[PDB]
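Quick note: the coordinates plus some simple rules give every number you see, no bench work behind them. All Cβ positions, even for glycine, are placed from backbone atoms using ideal geometry, and neighbour counts span all protein chains on display.
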Amino acid sequence: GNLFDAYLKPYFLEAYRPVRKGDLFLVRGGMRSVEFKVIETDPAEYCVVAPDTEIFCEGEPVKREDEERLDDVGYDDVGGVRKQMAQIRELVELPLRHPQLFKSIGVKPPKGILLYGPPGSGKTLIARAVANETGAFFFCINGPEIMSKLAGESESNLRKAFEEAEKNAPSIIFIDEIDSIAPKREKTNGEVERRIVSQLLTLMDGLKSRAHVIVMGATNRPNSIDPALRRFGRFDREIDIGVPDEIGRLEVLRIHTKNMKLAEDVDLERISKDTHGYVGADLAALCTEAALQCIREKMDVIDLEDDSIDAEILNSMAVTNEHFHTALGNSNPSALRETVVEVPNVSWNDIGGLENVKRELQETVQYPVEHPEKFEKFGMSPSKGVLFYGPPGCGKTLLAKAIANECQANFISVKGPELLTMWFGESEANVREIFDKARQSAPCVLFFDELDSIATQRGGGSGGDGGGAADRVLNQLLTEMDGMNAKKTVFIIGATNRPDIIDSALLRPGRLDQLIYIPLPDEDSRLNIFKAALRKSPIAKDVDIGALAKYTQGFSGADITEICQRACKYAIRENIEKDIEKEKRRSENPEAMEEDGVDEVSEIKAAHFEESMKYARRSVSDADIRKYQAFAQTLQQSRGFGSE
Amino acid sequence: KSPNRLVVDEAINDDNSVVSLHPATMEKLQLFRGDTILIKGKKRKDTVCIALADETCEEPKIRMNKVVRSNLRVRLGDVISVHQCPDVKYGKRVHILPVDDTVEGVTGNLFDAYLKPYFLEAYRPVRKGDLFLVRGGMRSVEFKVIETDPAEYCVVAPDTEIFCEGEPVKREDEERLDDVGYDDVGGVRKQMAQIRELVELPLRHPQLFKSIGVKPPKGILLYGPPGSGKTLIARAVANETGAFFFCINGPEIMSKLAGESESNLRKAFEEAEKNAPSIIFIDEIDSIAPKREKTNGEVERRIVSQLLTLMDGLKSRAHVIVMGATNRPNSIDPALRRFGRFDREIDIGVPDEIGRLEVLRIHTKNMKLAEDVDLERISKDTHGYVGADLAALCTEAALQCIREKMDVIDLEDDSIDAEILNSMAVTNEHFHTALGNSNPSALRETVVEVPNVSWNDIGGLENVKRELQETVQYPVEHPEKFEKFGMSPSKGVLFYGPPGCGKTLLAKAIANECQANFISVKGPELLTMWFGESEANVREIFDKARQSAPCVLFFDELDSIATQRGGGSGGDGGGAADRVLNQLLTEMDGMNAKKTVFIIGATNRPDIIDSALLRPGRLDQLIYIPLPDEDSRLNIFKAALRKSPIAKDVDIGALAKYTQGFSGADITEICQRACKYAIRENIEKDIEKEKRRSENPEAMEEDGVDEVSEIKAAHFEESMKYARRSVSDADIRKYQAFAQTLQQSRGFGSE
Ligand SMILES: Nc1ncnc2c1ncn2[C@@H]1O[C@H](COP(=O)(O)OP(=O)(O)NP(=O)(O)O)[C@@H](O)[C@H]1O
Ligand SMILES: Nc1ncnc2c1ncn2[C@@H]1O[C@H](COP(=O)(O)OP(=O)(O)NP(=O)(O)O)[C@@H](O)[C@H]1O
Ligand SMILES: Nc1ncnc2c1ncn2[C@@H]1O[C@H](COP(=O)(O)OP(=O)(O)NP(=O)(O)O)[C@@H](O)[C@H]1O
Ligand SMILES: Nc1ncnc2c1ncn2[C@@H]1O[C@H](COP(=O)(O)OP(=O)(O)NP(=O)(O)O)[C@@H](O)[C@H]1O
Ligand SMILES: [Mg+2]
Ligand SMILES: [Mg+2]
Ligand SMILES: [Mg+2]
Ligand SMILES: [Mg+2]
């Protein structure tokens, strides 16, 4: 159709753009990217396009003539991975682009790369992007393709792949689904599988005498791979392509929506915030669903017999926020149960009070991390083990997240139920994975919430004599924390609402020995908590938050948040009833004057707070408060005689 | 672009002459309702049909049944042209003959058997060369209009002559009007809608999709209990889209010698890529691609890998869609549930009551049901019956009718009289016997349905109703207001109180009020999953609530699984309880993101409930349901006695009076025992009447209508005499004490 006004006119109308004969430029729109080659320019091969300049696009399509696809996967088509992609670039680009320098130096760079991560997180995409950006001869070995071909042909295919890679040096050998090729020996129950595994190992070993050949495997998790592949010469570098954080999801959405014209009010930030647990594949699928919904809506406009759709129609198909909302509702996460490494959004302002705890945490965590040189100079190393104890709802988790955000360090959240539910503790390796992750993501803050269910004292505090899961997990944690002292930039924090039953082994130096007591908020702390909870909410001026903070002794932050939630529920009920009454009044007299005095500004009135307080109640008895105060000087005294 | 060009779609009414159009479009075209119009489709075929108004349809679409579409040689998604033709004339004579294939066997006076009922009542349009379907005698007969007068288009009238003395006519490349379609599948409207939206758009319009550049999904996996469809749905979709349908069967592939299985898969995919648009239905895909942990062979792995390679290669496809089918997704290898491979999963589950009614109507439309055959009763009495069971019970009823009527007709006749077949009416007794002789197949499967319980079924608990409306209904139906106000609500509730108070009826009632799905889960059901060893099943349940959003996932009998670790747990070595509790905690932590899933609990032992479930995000909204007061007891008595005959002398207010500390269950048992006493009295009176008749059979027959049995006050007195309390006052005071102490368990406590 009229490609000119559809693509070129928006592309040149605003900015004065340089142009050179023979160059191809890419224009995105209509759910597709179009490459335009400059056939001719005036007055010379180099020109600048201006509004008065004439543009001629009445000719026939031009051939590619050995040009590369500008839509090929590149570093700009991969989002949510900047650190991992940087590592991959530093490993790959330098030798492949400059093999002569490396062979002249004499130093041997690594050749074994293993991208492990949840399905849909990239891996295949990253390898194609690296291959296209380096131009290296890319050979894509596919696990199932090898495993389908008859016996003897699989080994032949592997041998041919490696030999051809050694001929087209510099080269890359991407082994997708390497778990099928090389599963654990404990799982494989066949001879041909072992033969293929051994052939792969032999070829990787022979790649020591290589020609600038890099092997780039890919698997869902490293455990499913045979251990022999994770050794020297073989796949020795391992890169975790994990679930992207919020900004990564935003980048993925921008990547998958750049060819589409988004309508106004389509807030990709909202979708990214609402897409927790979504790997890049899910975010590409929801965008596709939204586009298909838009196409279905606009199909009635255009007859369905036309072979080609009008370019103007495609460029005018604007995807509305409703389409994305429906697609998100119809879609579900794929990596929801995967451990997530991210910098939490919680800051100091989100927590009210606990100023001394903030001071101690800054002195204990922030200074070792951001200022390790001073600690080394002073002559001794700090302790990397903290243990929050206190009444429930006091804000332990918000403090761990807050300190992680302040230090700009990673945060891994682990709960006792999550540890135990790992096949009732039988899949012990998973635990050893978590700490390993903290070793990769250093600096890190590995938080262990709900320690009252796993760290139960052996016998005295443990609810199940035959429940070996708790003791097994506790012993694994103790061993790993013993092994984690060497890592300078890993801090392990705990949290238990049952300090009496916490196993004293965790209180040993090196382990979680820095006991920190978080008390029930005082009057000022309660005022601060009310302010924090009511933040980002409309509140009436007649509400004296100071009065609410007054009295209300022994109220945890959770109770205060529930108070606000119930007050908001009452306000919502009142607004709904008022809207219903307005609708009834309109129905009785639809011709009545429309009193359009702007939408009512709903605010939490003092009556709603009074009702919420009336139906509100305490969650910590004074007996518990005094017992916690007593354990403020007795919890540490459990490693020796005690625990009864 | 014209106002008379419309996209065909599925119809509501199954008649072969009614065509429903949106009233806006009819007014645009100036069409009189109930008048004749002419429709032209593909090739050069056209039909004459009577139009009607239907606001449900959209302006750019017209709804027709499979008969009219077949006459027009148009599938769904095609476009047809409509022209007003009120000048149609009544026909003096019509020569109509049946088809050989459809009429094979049955012979006789087909005219009065099929055509006369079909034309006697309504004036029906007819067009030469068109085939119409008549259902009866446990079969459908296709009649082709050989000739019409005065023109090819006519309207049949009572005075019109009908000639059906000719021989059977050949099919002549016509399609079987009995082929499976969307009208032959019932109990699946949402799932079928998803399948249509995924499949019909690309297959019918592949050129548009390849021009747009967007890639639609190709991997579809229908998972559900056996007998729920799957195979039927794929055939229906293939027949409705006309796409080249290749049916790969798991066992057929696995039987052929080694090397031939891979060859067959390769040939299937290659041929599908040649007949594009196409579909590749892989039935019993669990046998082809079972879990690696289960397969113990090399050829199996080779076939799995070949299938994976072919699915991956289908990225460079020719409008090819793969439509697998399995009983459950767990038995399938995980590799198949990834991107490019089977990424869309549709649950063809057990139909609800209306779905069972639709299935029964589908399987009884070819049969003439006698009066008093209430299909609603059967559907209500067929819980746990998948479509196969409902098709088998109808078949059993038909066979019972045939056996009963066999004595009338000699058994040597090759063909049965058509009148006899049309006069074989299936009685409710046949269906009752068939239902008694049949058993459910999906009884143990989790059921997602909207419960029938409403607020009226529960008496009292007005404040609980208020809280539940403020806590559940408003977030669901009004989420925008919650988002605007600046914070999100809690999705965790916990009913606690004496047994028999009505927790389950409240969860079902709120689910019905919100018109949201309801999943009922009991602690015994969780534990009995191989004593908690089959942990994945638990993760399935929550996943189901994620598919059926909005949902109300109820956990009854939490006193058996949520027992406090050690203090409240009866078994130290019973790791099942702790394992299930930890799984629930993890899943509820993972469920907070899903806005439209509400998790409700219920425990009659709040003291031993694990405090972990009381954490915010988890079941933190504690709700106490007390023993009914006097007014509540009166309301419960009214609810229980509802839909029952009760004598006027019974003062239900007096029954509600006193009777302190009586749960609703005790009140229901009171009514049940009173009804038992009334039944005994009626039986004794009938026996005495029979004895009196036997003594004097010639006595006057005092036919004063059947006695109107009512629960007399004496029956209630006896029931109360034998009735007793189920909650001691000590329990009542302990519950009141825990009304302010249950929440105080997460910190110090639990002893
Ligand atoms: N991080 C990402 N950034 C951008 N697009 C992505 C990202 N991850 C996935 N996608 C998109 O989603 C598609 C499917 O994911 P892909 O990365 O190809 O699967 P995979 O990770 O190779 N699967 P498996 O090998 O089974 O674990 C990609 O081809 C991209 O289109
Ligand atoms: N200091 C605080 N300021 C503001 N809100 C707070 C504070 N402390 C607690 N809250 C609120 O209460 C919630 C629960 O606090 P959290 O940090 O999860 O306590 P916990 O003791 O780790 N929980 P649990 O293990 O369930 O007893 C927070 O997410 C806030 O909503
Ligand atoms: N939802 C349904 N609506 C109408 N008829 C149905 C339905 N489900 C099953 N039937 C009927 O019952 C028959 C048998 O069920 P069918 O759906 O063919 O088995 P299946 O689900 O393919 N079995 P499996 O593949 O072993 O799980 C169908 O061919 C129909 O005649
Ligand atoms: N408010 C009520 N109104 C009417 N009938 C009621 C009411 N409460 C209880 N019932 C009757 O009692 C039955 C049992 O109530 P249900 O809701 O199952 O209580 P529960 O506490 O969940 N049961 P359990 O766990 O066995 O103690 C209902 O099915 C009704 O027959
Ligand atoms: Mg891949
Ligand atoms: Mg905690
Ligand atoms: Mg089948
Ligand atoms: Mg219950």
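Please state, as a whole number in µm²/s, the translational diffusion coefficient that the Stokes-Einstein equation yields for segment B:467-559 at 4 °C and 1.567 mPa s, with Rh defined as the Kirkwood radius across alpha carbon pairs.
Numbers: Rh = 14.8 Å.
Translational diffusion coefficient: 88 µm²/s.
Distance between the C-alpha centers of segment B:620-635 and segment B:539-559? Whole Å please.
Centre-to-centre (Cα) distance: 25 Å.
Quick one: net charge around A:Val341, please, counting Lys, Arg +1 and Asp, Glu -1 for every other residue with C-beta under 9 Å from its C-beta.
-2
If R₀ is 25 angstrom, what is the calculated FRET efficiency for the pair A:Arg626 and A:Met380, using the beta carbon separation as r and rounding to 0.05?
Rounded to the nearest 0.05, the efficiency is 0.10.
How large is the translational diffusion coefficient of segment A:203-281 in µm² per second when you combine the Kirkwood radius over alpha carbon pairs with Stokes-Einstein at 25 °C and 0.890 mPa s?
Estimated diffusion coefficient is 153 µm²/s.
Over all alpha-carbon pairs in segment B:586-650, figure out the percentage whose distance exceeds 14 Å.
Values: 1486 of 2080 pairs.
Roughly 71 percent, rounded to a whole number.
Using Cα positions and a limit of under 15 Å, work out the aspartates and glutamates in reach of B:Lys45, with same-chain residues fewer than 8 apart set aside.
B:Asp78, B:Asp130, B:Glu152, B:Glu172, B:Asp173, B:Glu174, B:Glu175
Express in whole angstrom the spacing between the alpha-carbon centres of segment A:493-530 and segment A:88-107.
52 Å
For chain A, return all DSSP H helices satisfying: extent of Cα atoms along own axis at least 18 Å; mean Kyte-Doolittle hydropathy at least -0.5. If you can, show how the numbers build up before the last one.
Working: long enough: A:83-97 (21 Å, -0.31); A:153-167 (21 Å, -1.65); A:191-206 (22 Å, 0.08); A:280-299 (28 Å, 0.41); A:468-483 (22 Å, -0.15); A:557-588 (47 Å, -1.22).
Flagged H segments are A:83-97, A:191-206, A:280-299, A:468-483.
Tell me, what is the percent relative contact order of chain B, built from C-alpha pairs under 8 Å that lie six or more residues apart?
It rounds to 9 percent for chain B.
Sort A:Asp449, B:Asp703 so that the residue with the fewest other Cβ atoms within 10 Å of its own Cβ comes first and the one with the most comes last.
B:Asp703, A:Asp449
Quick one: net charge around B:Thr427, please, counting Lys, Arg +1 and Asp, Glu -1 for every other residue with C-beta under 10 Å from its C-beta.
Result for the neighbourhood of B:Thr427: -4.
What do you get when you divide the Cα radius of gyration of chain B by 2.2 N^0.38 Å, with N the number of residues?
So the Cα radius of gyration is 1.16 times the expected 2.2 N^0.38 Å.
Using a 10 Å cut-off on Cβ to Cβ distances, tally the other chain neighbours for every residue of A:142-151 and report the average as a whole number. Write down the numbers at each step before the final one.
Values: counts 5, 4, 12, 7, 2, 8, 13, 5, 4, 2.
Mean partner-chain Cβ count within 10 Å for A:142-151: 6.
When only DSSP loop residues count, what GluC sites (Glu not before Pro) in segment B:123-183 have their Cβ near at most 16 other Cβ atoms within 10 Å?
Within segment B:123-183, the qualifying GluC sites (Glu not before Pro) (loop, at most 16 other Cβ atoms within 10 Å) are B:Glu152, B:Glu165, B:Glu172, B:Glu175.
If I model a spin label at B:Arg344 and B:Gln515 as a point 7 Å from the Cα along the Cα→Cβ vector, what separation in nanometres do I get?
Reported label-point gap for B:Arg344 and B:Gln515 is 2.5 nm.
For the protein assembly as shown, what mean projected area does the convex hull of the alpha carbons give, in nm²?
70.0 nm²
Taking every residue in B:478-486, how many Cβ atoms of other protein chains lie within 10 Å of its Cβ, on average?
On the way: counts 5, 0, 0, 7, 4, 1, 6, 12, 9.
Per residue, the number of nearby Cβ atoms from other chains is 5 on average.
Quick one: check the C-alpha center-to-center distance for segment B:130-167 versus segment B:698-737, whole angstrom.
Segment B:130-167 and segment B:698-737 have Cα centres spaced 62 Å from each other.
Given contacts defined as C-alpha pairs under 8 Å and at least six residues apart, what's the relative contact order of segment B:10-123, whole-number percent?
29 percent
Grab the other residues whose beta carbon is less than 14 angstrom from that of A:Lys541, score K and R as +1, D and E as -1, and report the net.
Result for the neighbourhood of A:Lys541: -2.
What size of dipole, in debye to the nearest 20, comes out for the protein assembly as shown about its Cα centre when the only charges are +1 on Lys and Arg C-beta atoms and -1 on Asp and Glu C-beta atoms?
5060 debye
Starting from 0 in steps of 10 Å, tell me what percent of the Cα-Cα pairs of segment A:141-260 lands in each bin.
12, 39, 28, 15, 6, 0
Please tell me which of these pairs span more than 25 angstrom C-alpha to C-alpha: A:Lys582/B:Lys594; A:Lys569/B:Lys544; B:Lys218/B:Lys291; A:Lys273/A:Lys415?
Checking Cα-Cα distances, A:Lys582/B:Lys594; A:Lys569/B:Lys544 exceed 25 Å.
Across all directions of projection, what mean area in square nanometres is found for the Cα convex hull of segment A:199-247?
Answer in nm², one decimal: 4.6.
Dividing the Cα radius of gyration by the Kirkwood radius, what Rg/Rh value follows for segment B:598-751?
That ratio is 1.22, to two decimals.
Mind checking which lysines have their C-alpha under 27 Å from B:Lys685, skipping anything on the same chain fewer than 8 residues away?
Result set, ordered by chain and number: B:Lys643, B:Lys648, B:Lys676, B:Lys712, B:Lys721.
Residues of B:299-312, mean number of Cβ from any other protein chain within 10 Å of their own Cβ, rounded to a whole number?
Across the residues of B:299-312, the mean count of other-chain Cβ atoms within 10 Å is 5.
Figure the gain on full extension for B:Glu121 and B:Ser211 (residue separation times 0.36 nm, minus the Cα-Cα span) and round it to one decimal in nm.
Answer, rounded to one decimal: 27.3 nm.
Could you tell me which of the pairs A:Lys298/B:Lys40; B:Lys190/B:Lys405; A:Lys103/A:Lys487; A:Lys261/B:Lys491; A:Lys614/B:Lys508; A:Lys63/B:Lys274 are separated by over 31 angstrom between their Cα atoms in the structure shown?
B:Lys190/B:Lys405; A:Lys103/A:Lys487; A:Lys261/B:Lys491
For a quick check: sort A:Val598, B:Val450 by the number of other beta carbons within 10 angstrom, fewest at the front. Write down the numbers at each step before the final one.
On the way: A:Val598 5, B:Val450 17.
Neighbour counts put them in this order, fewest first: A:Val598, B:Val450.
Can you compute the helix-only [θ] at 222 nm over chain B? Use -39500 (n - 2.57) per DSSP H run of at least 4 residues, normalise by all residues, nearest 500 deg cm²/dmol. Kindly include the intermediate steps, with their values, before the conclusion.
Values: 27 runs with 278 residues, N = 751.
It lands at -11000 deg cm²/dmol.
Specify the angular offset, from 0 to 90 degrees and rounded to the nearest 10, of the alpha carbon long axis of helix B:260-274 from the longest principal axis of the alpha carbons in chain B.
Tilt relative to chain B: about 60 degrees.
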